[PDB]
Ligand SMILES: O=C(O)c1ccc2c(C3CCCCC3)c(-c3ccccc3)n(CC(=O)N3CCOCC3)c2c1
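Next up is one chain by itself, shown in structure tokens, the form solved without the named molecule.
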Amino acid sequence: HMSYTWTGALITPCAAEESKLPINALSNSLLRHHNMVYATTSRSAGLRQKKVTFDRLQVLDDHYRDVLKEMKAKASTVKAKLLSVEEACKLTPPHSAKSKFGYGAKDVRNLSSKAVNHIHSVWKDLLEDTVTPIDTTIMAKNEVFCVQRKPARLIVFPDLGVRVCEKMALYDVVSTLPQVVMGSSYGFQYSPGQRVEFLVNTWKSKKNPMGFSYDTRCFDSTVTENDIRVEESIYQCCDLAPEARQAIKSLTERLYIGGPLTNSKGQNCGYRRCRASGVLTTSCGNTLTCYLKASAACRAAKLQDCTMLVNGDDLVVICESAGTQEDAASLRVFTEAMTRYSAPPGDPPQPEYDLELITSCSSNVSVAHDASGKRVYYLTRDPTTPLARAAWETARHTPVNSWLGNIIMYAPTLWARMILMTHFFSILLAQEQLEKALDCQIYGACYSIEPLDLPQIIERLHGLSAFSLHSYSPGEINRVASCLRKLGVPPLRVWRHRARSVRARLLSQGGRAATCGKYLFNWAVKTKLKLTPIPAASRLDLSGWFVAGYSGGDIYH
């Protein structure tokens, strides 16, 4: 029952890979300790292969089957539609990996006869054959981090024609089923502001609250054949078109359960018997399985009044405390149950008695004050990885602009406002690229966003207070200041000096640029302008921004 078997063939790159931080004329204005920033490359794929390869044993008890029966009762209320080839084509990212069969992502998006004809033949083969393993490509991800070096994470994905078929069969399922099955526990239905609100209300709902985050070691590799067949039985509870039922059974048998792994040079690398990290069902499958195992583990541990918050492989549990020592024993029982379910831990879970000390989705709740002096809870994170990635993005154009995603998701934070906004608006002004749409990812889905639209996006997700927050916590200020000294980033007083210049330069341009100056940088002036709702914000189609998670799902919105 191994997660993977290997031939010895290498996981090969597609292009030239850079590991050392690229340096340009802008680099030093952001970060001086260049040797601390690195990117992962295929050179470390061999080490990751060793980490992800292990035997999985599963012991399933009555708590497991009880929770599964409850989940299936809710899943039976879902009605899902089959997307047309055209609808599925339009969900494809413009820079999605080209097919092996003579067409790419732009051919798909343009509904080219060749792409559409190949997608129809892949679909027909899914209906007619429910046995043949489907080919997948295995790649090493190129991701940026700060030292203290991680080996490259791996991505496993089927061909472009298969990905369009996955959308046709399961896009509606993976978008609507998780919230129906898990209700308020489904994390991807919330904006960061709604996630904060859910965490605070849950913490308050408990007489003596205790909370913990549970880190499953290499989650995708812990997902067994049973787990993948169980996820399929959940999808099959939906009211579905006969062709969708057949395609879902086919995709589960031929792709989701496992299959051969091919490198970028066409060599057989081995065989996968665990979750594929680059399929449409990665996020939904991970969320459902994590929620199932954790809800059953909570019953086995006799945890009282358990509220879960699940996002793929990320899990937060808030419950009633039995006192510090009993909570510690309780958590070891929870961990034993998770382990029997084939979800052992990385770091052992730690009981927390302060909401602000729980780290989940690399984030924590913190408090600041709005213009009226009222306490405001918001989500923040250690800014090390956002800052290492901003330094890379200062000297290189990348497919996903992490700085833009981070300003969107962490707009109320002291570090996104003072550093990211200041640095990148300065760069965009110098290149007159404020109107240029840039790609970013929100809950794994790809978006093409113009930086000029940031005031309206921030207002809609976080409210006007995101432009007024002040009197940040001593703990939060200390973590930001320590991160700056560690990376060789100029102190906050420098960013404030720079922001006044960036603000003045934006206001000069007028129009949408002046709105960016006015709203994004009001924190930088001593005589603060009165901020009122932006008329353009109501018009924004913020559609399925926070409906579901799509990590590795090849989704463009």
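From 1 onward, residues are counted along the sequence shown. In this text, rigid core is short for the largest set of C-alphas that superpose within 1.5 Å between two forms.
Counting the deposited residues that fall between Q148 and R149 and carry no coordinates gives a value of 4 to 9. Of the two segments examined, 229-237 and 309-317, it is 309-317 that shows the higher average Cα temperature factor in the deposited entry.
Stretches compared: 204-212, 177-185. Higher mean C-alpha B-factor in the entry: 204-212. Among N110, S283, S426, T384, the highest C-alpha B-factor in the deposited entry belongs to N110. Highest C-alpha temperature factor among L292, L127, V400, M418, as the PDB entry reports it: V400. Sorting the modelled residues of the chain by their CA temperature factor places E87 in the middle third.
The PDB entry assigns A15 a C-alpha temperature factor belonging to the highest third of its chain's modelled residues. Among the modelled residues of the chain, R56 sits in the middle third by CA temperature factor in this PDB entry. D172: CA B factor lies in the middle third for its chain, per the PDB record.
Ranked by Cα temperature factor within the chain, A25 sits in the lowest third according to the deposited record.
Note that the form deposited with the named molecule bound isn't included here; everything after this is about it.
Overlaying the named molecule from its position in the deposited bound form puts 3 or more ligand atoms within 2.4 angstroms of backbone or C-beta atoms here, which marks the pocket as blocked. With the partner removed from view, the residue among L454, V181, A390, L170 that has a non-hydrogen atom within 4.5 Å of the named molecule in the deposited bound form turns out to be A390. When you look in the deposited bound form, the only residue of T262, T394, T335, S96 with a non-hydrogen atom within 4.5 Å of the named molecule is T394.
Proximity to the named molecule in the deposited bound form, taken as heavy atoms within 4.5 Å, picks out 382-390 from the listed stretches 382-390, 79-87, 429-437, 111-119. Taking the partner from the other structure, the named molecule in the deposited bound form has a heavy atom within 4.5 Å of a heavy atom of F424. In the deposited bound form, the named molecule stays beyond 4.5 Å of every heavy atom belonging to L292.
When contacts are judged by a 4.5 Å heavy atom cut-off, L420 counts as touching the named molecule in the deposited bound form.
Within 4.5 Å of some heavy atom of the named molecule in the deposited bound form lies at least one heavy atom of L487. Annotation: the position in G278, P351, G258, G444 displaced by at least 2 Å at CA between this form and the one not shown, with the core superposed, corresponds to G444. Residue displacement note: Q509 has its CA displaced by at least 2 Å between this form and the one not shown (rigid core superposed). Annotation for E128: C-alpha shift under 2 angstroms between this form and the one not shown, rigid core superposed. After superposition on the rigid core, the Cα atom of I427 is displaced by 2 Å or more between this form and the one not shown.
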